[PDB]
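Visitor: Here you go, one structure.
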RNA sequence: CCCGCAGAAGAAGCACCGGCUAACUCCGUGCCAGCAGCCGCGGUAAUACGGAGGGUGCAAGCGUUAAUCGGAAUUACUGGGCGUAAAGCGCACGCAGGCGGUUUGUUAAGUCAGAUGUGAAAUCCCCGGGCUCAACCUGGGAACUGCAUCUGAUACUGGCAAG
Ligand SMILES: [Mg+2]
Ligand SMILES: [Mg+2]
Ligand SMILES: [Mg+2]
Ligand SMILES: [Mg+2]
Ligand SMILES: [Mg+2]
Ligand SMILES: [Mg+2]
Ligand SMILES: [Mg+2]
Ligand SMILES: [Mg+2]
Ligand SMILES: [Mg+2]
Ligand SMILES: [Mg+2]
Ligand SMILES: [Mg+2]
Ligand SMILES: [Mg+2]
Ligand SMILES: [Mg+2]
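Pasting the structure below:
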């Protein structure tokens, strides 16, 4: 119910990302769990600023249908 | 005897490149200067110079990048025993366009791209890759 | 003499006639001078089945060429319907 | 002159006229100096979740750049055009005269 | 990842006082399919082991190849100890056109469309080395513009 | 001109059951999957290189009951046509009338749907066609013949069609007993277990 | 090598010689069996191979092999011969076609029946 | 071509299964008889012969044989070789022959560009159309890779004239 850790490399900052894009399906698919729920920074280690950008991106993609909301699609 | 000065130029460059020579000396001529002049625009050679008046001498400064020869390969296409002439539509692509073909057109010696843009054929002197 | 007639091409029971200008002495499918059209007797009755370049045909007639009986009907079943 | 990033989606049963649609939008956009400066396309793609029963549909990207007024008309068109199932008139700060991973993959 | 392909196996033998001692060899290539490929060769008494020797040999001695969207960048000519190979980049959809030995290296290397031909001796081990040597000498526009001290757009001409 | 022997033998050989038999009773129960036929079938056969290519070609053909001679002509046409050959060959195989009828839902099996075409029970654009290899063109409308609809086997095949994820490029009509071959199919829709590049090389040898 | 040397003497297309010269590029030829006898095979083998000497219509005299078990062949027998050499019988380049002309089909043949001219056994 | 009639009724073989090469055992046989495109089998536990079952390929056809090209870069122009594997003449001179350093002018021979005529139709290729489909047939292109003539261009090669 409470863990909170890190992996010691905010990959977005590493690659000098200046704007996470919602069309980078490949990248996104790395931060979405099997169920389809955004993974907390406390796990992957992503820096706070880029996670906000990443999180809106996931939502837009889910909207755009490039990603799946949850997994039980009837 | 010496019967194809152009092939001698190819050997002089190729042997000096394989021997890591800084510079090569040779007898000069308009065609040799023209071919050396063409090489300058693509960066395959550093510089060229001409000394002497009664017996002109063409001097080429070779180029190396990581201690490796810049001229990877060069081979003569048109030879005194066998002339090679290509029409504009059929002009060959040397080193998939990364290299150049020295072409002697009616408007002078130029690269394959210059001949292709101008829609002109000529004699294929050499392949550079 | 030079005549304008139809050369029978196509397959069995589905003829397709080629309208050619040729010397009458030559074989039906043999040597010919010029192509001037075709004629499909099994046309679908909905789309094009016969077209001829009347300009060249008139030129050959003015040169002295004679007109076959069947082709004359074609050069009529057109210039009348339009 | 605000840079928009249209991303509409066309019914999989009407990809025949998709080209013509591009022309329509482009022509009216360009009327007010609507610099297109980008017009990719991902053809048909397997929708992640079955929207409007349609288990698969088209996909188009138009990082256009035109006055605010002209673009607003497009949204009205996309609303009342049955061909376009869904849209997303995002608004980027600058321009993107390049390529996206969706095409660079191939 | 790392994909493994068995290219060919053989039963070599060295005679000894008592009799003929049989041994087995194994040729393999490993690669990530995205511009990196490495060949391996191994000798052992038991075939099982020979594979492990080849796998370890392939893991070490790796090289980088500058791929171009899963296809070659230009026609290349390789030659190793009597085996001459010619490979040519091909349009999308042509698949792999190569002999059995030449085909195996291309999957782990990441090449998807290529026309290849083996001239001279078709000995599998010599053929494999000939292909890799050609790939190593294959240069991309990025290093060619740098090596020639020019820019990419100028030399390319587009 | 048609395979007439047992069907489950082929199914269990080459391994993955692929669209054979009525499709209701579980395929595994009717036979013994993961075991090629024959007395020696119960063993691990170290397949070769030629081996893999052969199996794939054989598998594809049986799924659509296309004889070699016929199949080779499809390959020649696919190579002739512009585009990627492997998908073009798959598109041609899917465009056959007998296959289309099966996916449209009028036949329980591809073999049974093919017999419906052969026995003059299918109408295409108001014209009677009884040739299984007829190529359906985009936007065409395929309609069961009035007399045919009285066949209760067709009705039952419609019912079962629901389980098969309805092909996108086919607009099936239930009570209307019609279909519109919307357009050509695409590689993505077709079973991703088919490696068309293997087929192209094998026939280009 | 040199183009000038090659111009002086162009490349000479070599003519490939047939392995069955007595057929004169014909698939089969009829002949009369001059002699029926037996001969011995080459080195790695041992048997009593059955061969026949035959005079063809074109005058060529050659020896042909009998590929079937048992044969009703003798003097002045008219047979049909086809191509195909015998690996272990030097000088034998032809096979007698079983089941043709005065050569009867092989008795009890059940597999590869078409290769020995034997009618399908009644069920 | 259409429509009705009756009843699964009238319609499946052929080659192969040791390697190459997809697909295996049992019996018989015992260097016998035999097979064999190449490798080769068989001498008493034959996945190779013969029979059986089983299995693989192709199919109203399947096999064998003959023939042409391919693979054969194995006559190599593209696209090979000549120390020892086939292949440097015993050596020199030397004609015809091929080839020819550095230089200006000169022509236009080659060459290169331009144009125009010519390259029958069919075939082949592309886009279509017609036969229920298919072969088949046909419309329009393309192509015909060529040659002649003319007008240029003249670097290079050749040309002569002088260096
Ligand atoms: Mg047939
Ligand atoms: Mg096998
Ligand atoms: Mg050859
Ligand atoms: Mg050699
Ligand atoms: Mg010797
Ligand atoms: Mg010698
Ligand atoms: Mg000597
Ligand atoms: Mg000179
Ligand atoms: Mg001239
Ligand atoms: Mg013609
Ligand atoms: Mg049609
Ligand atoms: Mg025509
Ligand atoms: Mg001169």
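Residue numbers (the entry's author numbering), protein chains in the order written: chain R2, 2 to 75; chain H1, 2 to 130; chain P1, 1 to 82; chain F2, 1 to 106; chain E1, 10 to 167; chain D1, 2 to 206; chain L1, 2 to 124. For every residue, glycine included, the Cβ atom is placed at its ideal position computed from N, Cα and C.
#1: Tell me residue 28 (chain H1)'s beta-bridge partners as DSSP assigns them.
#2: At a CB-CB cut-off below 7 Å, which residues of chain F2 make contact with residue 70 (chain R2)?
#3: Could you list the residues in the region 176-191 of chain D1 with a C-beta less than 9 Å from some C-beta on chain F2, going in chain order?
#4: Inspect the beta-carbon positions of residue 74 (chain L1) and residue 31 (chain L1) and report whether they are closer than 7 Å.
#5: Using 7 Å as the threshold, is the C-beta distance between residue 158 (chain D1) and residue 106 (chain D1) below it?
#6: How about residue 198 (chain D1) and residue 84 (chain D1): do their beta carbons lie closer than 7 Å?
#7: Quick one: which chain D1 residues come within Cβ less than 8 Å of residue 163 (chain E1)?
#8: Per DSSP, residue 24 (chain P1) forms a beta bridge with which residues?
#9: Is it right to say residue 84 (chain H1) is buried, meaning 16 or more other beta carbons lie within 10 angstroms of its own, or is it exposed?
#10: Under DSSP, the alpha helix (DSSP H) around residue 205 (chain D1) begins and ends at which residues?
#11: So with Cβ pairs under 7 Å, would you call residue 36 (chain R2) a contact of chain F2?
#12: On a Cα-Cα basis, can you pick out the residue from 77 (chain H1), 116 (chain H1), 98 (chain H1) that is closest to residue 6 (chain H1)?
#13: Look up residue 47 (chain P1) in the DSSP assignment and say whether it is helix, strand or coil.
#14: Within 8 Å, do at least three Cβ pairs link the region 63-75 of chain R2 to the region 25-42 of chain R2?
#15: Under 7 Å, do residue 119 (chain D1) and residue 131 (chain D1) count as touching if we go by C-beta distance?
#16: With a 10 Å radius around its C-beta and 16 neighbouring C-beta atoms as the bar for buried, classify residue 115 (chain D1) as buried or exposed.
#17: Among all the DSSP beta bridges, which residues are the ones paired with residue 123 (chain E1)?
#18: Check whether the region 43-59 of chain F2 touches the region 21-40 of chain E1, taking contact to mean three or more Cβ pairs, one atom from each stretch, closer than 8 Å.
#19: Express the C-alpha separation of residue 13 (chain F2) and residue 31 (chain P1) in angstroms, rounding to a whole number.
#20: In the DSSP assignment, find the unbroken alpha helix (DSSP H) run with residue 29 (chain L1) in it and report its ends.
#21: With a threshold of 16 other CB atoms inside 10 Å of the CB of residue 80 (chain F2), please say whether the residue is buried or exposed.
#22: With DSSP run on the structure shown, which of helix, strand or coil describes residue 6 (chain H1)?
#23: Under 8 Å by Cβ, that's how I've got residue 52 (chain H1) and residue 60 (chain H1) pegged, so tell me the actual separation to the nearest angstrom.
#24: State yes or no: is the C-beta of residue 111 (chain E1) within less than 7 Å of the C-beta of residue 125 (chain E1)?
#25: What did DSSP end up calling residue 70 (chain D1) once you bin it into helix, strand or coil?
#26: Does the beta carbon of residue 86 (chain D1) come closer than 7 Å to any beta carbon on chain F2?
#27: Alpha carbon to alpha carbon, how far is residue 106 (chain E1) from residue 204 (chain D1)? Give it in angstroms, no decimals.
#28: Between residue 42 (chain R2) and chain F2, is the shortest Cβ-Cβ distance under 7 Å, so that the two count as touching?
#29: Out of curiosity, what's the CA-to-CA distance linking residue 127 (chain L1) and residue 71 (chain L1)?
#30: Cβ of residue 56 (chain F2) less than 7 Å from any chain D1 Cβ?
#31: Any chance you could list the alpha helix (DSSP H) runs of at least 4 consecutive residues sitting entirely within the region 135-166 of chain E1, in chain order?
#32: Tell me which same chain residues have a C-beta within less than 8 Å of the C-beta of residue 1 (chain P1), skipping the five on either side of it?
#33: On the DSSP bridge list, what partners appear for residue 66 (chain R2)?
#34: Quick check: residue 42 (chain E1) and residue 119 (chain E1), are their CB atoms within less than 7 Å of each other?
#35: Look at residue 44 (chain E1) and residue 66 (chain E1) and say whether their C-beta atoms are less than 7 Å apart.
#36: Determine the direct distance from the alpha carbon of residue 80 (chain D1) to that of residue 31 (chain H1), and round the result to whole angstroms.
Guide: According to the structure shown:
#1: Paired residues: 58 (chain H1).
#2: What residue 70 (chain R2) touches in chain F2: 49.
#3: Cβ contacts with chain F2: 183, 184, 187, 189, 190.
#4: Between residue 74 (chain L1) and residue 31 (chain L1), the C-beta gap is not smaller than 7 Å, which leaves the two residues out of contact.
#5: In contact: residue 158 (chain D1) and residue 106 (chain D1) (Cβ atoms closer than 7 Å).
#6: With respect to the 7 Å criterion, residue 198 (chain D1) and residue 84 (chain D1) are not classified as neighbours on the basis of their beta carbons.
#7: Neighbours of residue 163 (chain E1) in chain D1, taken as residues at a C-beta separation under 8 Å, are lacking, since the least C-beta distance is about 34 Å.
#8: For residue 24 (chain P1), which the question treats as bridged, DSSP gives no partner whatsoever.
#9: Under the 10 Å beta carbon count, residue 84 (chain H1) is surrounded by fewer than 16 other beta carbons and is classified as exposed.
#10: Going by DSSP, residue 205 (chain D1) is part of the alpha helix (DSSP H) stretching over 197-205.
#11: Not closer than 7 Å to any Cβ of chain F2, the Cβ of residue 36 (chain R2) fails to qualify, so no.
#12: That would be 77 (chain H1), whose Cα lies nearest to the Cα of residue 6 (chain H1).
#13: Of the three classes helix, strand and coil, the one that applies to residue 47 (chain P1) here is coil, per DSSP.
#14: A contact between stretches requires three or more CB pairs, one per stretch, nearer than 8 Å, and the region 25-42 of chain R2 meets this requirement with the region 63-75 of chain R2.
#15: Yes, they are a contact pair.
#16: Buried: at least 16 other Cβ atoms inside 10 Å.
#17: Paired residues: 98 (chain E1), 105 (chain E1).
#18: No, the region 43-59 of chain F2 is not in contact with the region 21-40 of chain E1.
#19: Rounded to the nearest angstrom, the two C-alpha atoms are 54 Å apart.
#20: That residue, residue 29 (chain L1), is in no alpha helix (DSSP H); its beta strand (DSSP E) goes 29-40.
#21: Label assigned to residue 80 (chain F2): exposed.
#22: In this structure, residue 6 (chain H1) counts as helix in the three-state DSSP scheme.
#23: Contact between residue 52 (chain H1) and residue 60 (chain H1) holds, since their C-beta atoms are separated by about 7 Å, short of 8 Å.
#24: Against a cut-off of 7 Å, the Cβ pair of residue 125 (chain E1) and residue 111 (chain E1) comes out as a contact.
#25: Residue 70 (chain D1) sits in a helix when the DSSP states are folded into three classes.
#26: Interface residue (Cβ-Cβ distance to chain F2 less than 7 Å): residue 86 (chain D1) is not classified as such.
#27: Their backbone Cα atoms lie some 12 Å apart in a straight line.
#28: Cβ-Cβ to chain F2 under 7 Å: no for residue 42 (chain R2).
#29: The first residue shown for chain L1 is 2 and the last is 124, placing residue 127 (chain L1) beyond what the model contains.
#30: Residue-level contact by beta carbon holds for residue 56 (chain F2) and chain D1, with a gap shorter than 7 Å.
#31: The qualifying runs are 150-156, 161-165.
#32: Hits under 8 Å: 23, 24, 64, 65, 66.
#33: None, per the DSSP bridge assignment.
#34: Cβ distance < 7 Å, so residue 42 (chain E1) and residue 119 (chain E1) count as in contact.
#35: In this structure, residue 66 (chain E1) does not lie closer than 7 Å to residue 44 (chain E1) by Cβ.
#36: If you take the alpha carbons of residue 31 (chain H1) and residue 80 (chain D1), they lie about 52 Å apart.
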